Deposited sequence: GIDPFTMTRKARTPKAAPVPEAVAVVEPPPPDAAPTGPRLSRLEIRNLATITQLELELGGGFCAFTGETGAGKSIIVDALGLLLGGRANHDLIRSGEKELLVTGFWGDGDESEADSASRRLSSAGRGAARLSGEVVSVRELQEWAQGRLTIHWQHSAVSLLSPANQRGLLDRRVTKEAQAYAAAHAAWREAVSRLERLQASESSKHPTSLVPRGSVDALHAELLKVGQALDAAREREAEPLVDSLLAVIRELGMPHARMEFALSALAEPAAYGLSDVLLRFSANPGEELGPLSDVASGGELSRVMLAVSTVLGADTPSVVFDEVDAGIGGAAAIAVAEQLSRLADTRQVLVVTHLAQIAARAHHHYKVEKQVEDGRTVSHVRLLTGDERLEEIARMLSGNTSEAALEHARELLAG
């Protein structure tokens, strides 16, 4: 159920943009900043993101972003208001978020409600030990019944104390499974991450013991990461580069899978190149075997692996240079790839382009 169509009106450098985009790996090249507005900035609004009025075109009163998979829309008004819609129905932004978060994932900018959320960091590990986790859940639920009944009432509490013993007993079994399955899981992620321009990345799952039992266990499960050799581990939110976060999100996404039909990465080509850039294009390609991945890129290595190569271009319209997008046919695409390497076609550029595409 990919994002089939995208309509943007009066957003930044875009007067009117109707984009039929679909498939697996979609690459946006050309005017990269413009591409970001389409893919990161615009789609961000559909996700129920901030109401950034800076996004409204320079001399315009209001912008509109419609997306078709079912439709969702976000309208920002220079007045100070706006509106969200789900299939033509004025809904609340909170509902737009809950709905769109089942369809879209934008990385770096919106990893917070995806994999970096406290609930999902834990989920990563807990879906490797479902048996133990379900064992806890059952124990915890049964214990809540005992506590409930006991509250409904010198008075015996014999059952609730036995159940609480199981709860801790089982709860500890869970932590043991967690720590057990953590290393192999961290190892599989690092295997990929270290090929994406972070050869000395370190990563671990940390269990934090809770004061009281949670519905999800006896401990908090946190994901800690350091990109460089000299650095100390820490939250993934503490990576110095947005691009680095994106590339770590990519790795996790291909290794363990994405949870939405469409995923967006911004800047995953940021601070890398050469070998590192090829490894990224390869991971993107694989994630696209099951998903629609939308990236804006300036590296021919990445573009050449796209199922669809879009070029963001510039045209004058009412004396103003606006943005325009269009699919690349094949030979036109080959030309673009060469331009991205050599900045203009050179028999060798075409020869390098030929290989990148194949």
- Stretches with no C-alpha atoms in the model, relative to the deposited sequence starting at 1: 1 to 37, 107 to 114, 199 to 209, 415
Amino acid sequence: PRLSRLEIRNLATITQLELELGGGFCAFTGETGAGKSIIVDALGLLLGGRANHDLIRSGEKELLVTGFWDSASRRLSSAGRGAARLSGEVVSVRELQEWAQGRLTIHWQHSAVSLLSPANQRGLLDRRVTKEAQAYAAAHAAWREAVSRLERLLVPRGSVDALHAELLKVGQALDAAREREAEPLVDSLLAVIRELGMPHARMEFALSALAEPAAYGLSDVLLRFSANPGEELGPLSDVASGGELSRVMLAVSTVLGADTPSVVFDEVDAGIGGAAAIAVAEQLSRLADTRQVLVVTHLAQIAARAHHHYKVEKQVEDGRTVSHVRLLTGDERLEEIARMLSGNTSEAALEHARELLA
From here on, numbers count along this sequence of modelled residues.
- Quick one: say whether 253 to 261 or 225 to 233 has the higher mean Cα B-factor in the deposited entry. 225 to 233
- Query: Which is higher in the entry, the mean Cα B factor of 156 to 164 or that of 275 to 283?
  - Reply: 156 to 164
- Message: Just the C-alpha B-factor column, please: which of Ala146, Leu245, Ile106, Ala72 has the biggest number?
- Response: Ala146
- Whose CA atom has the top B-factor in the entry, of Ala119, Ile193, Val91, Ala141? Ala141
- Divide the modelled residues of the chain into thirds by Cα B-factor and specify which third, lowest, middle or highest, holds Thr15. middle
- Message: Quick check on the deposited entry: does the C-alpha B-factor of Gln301 sit in the lowest, middle or highest third of its chain?
- Response: middle
- Task: Grab the CA temperature factor for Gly30 from the record and place it in the lowest, middle or highest third of its chain.
- Result: middle
- Message: Could you place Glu332 in the lowest, middle or highest third of its chain by Cα temperature factor, using the values in the record?
- Response: highest
- Query: Among the modelled residues of its chain, does the C-alpha B-factor of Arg85 lie in the lowest, middle or highest third?
  - Reply: lowest
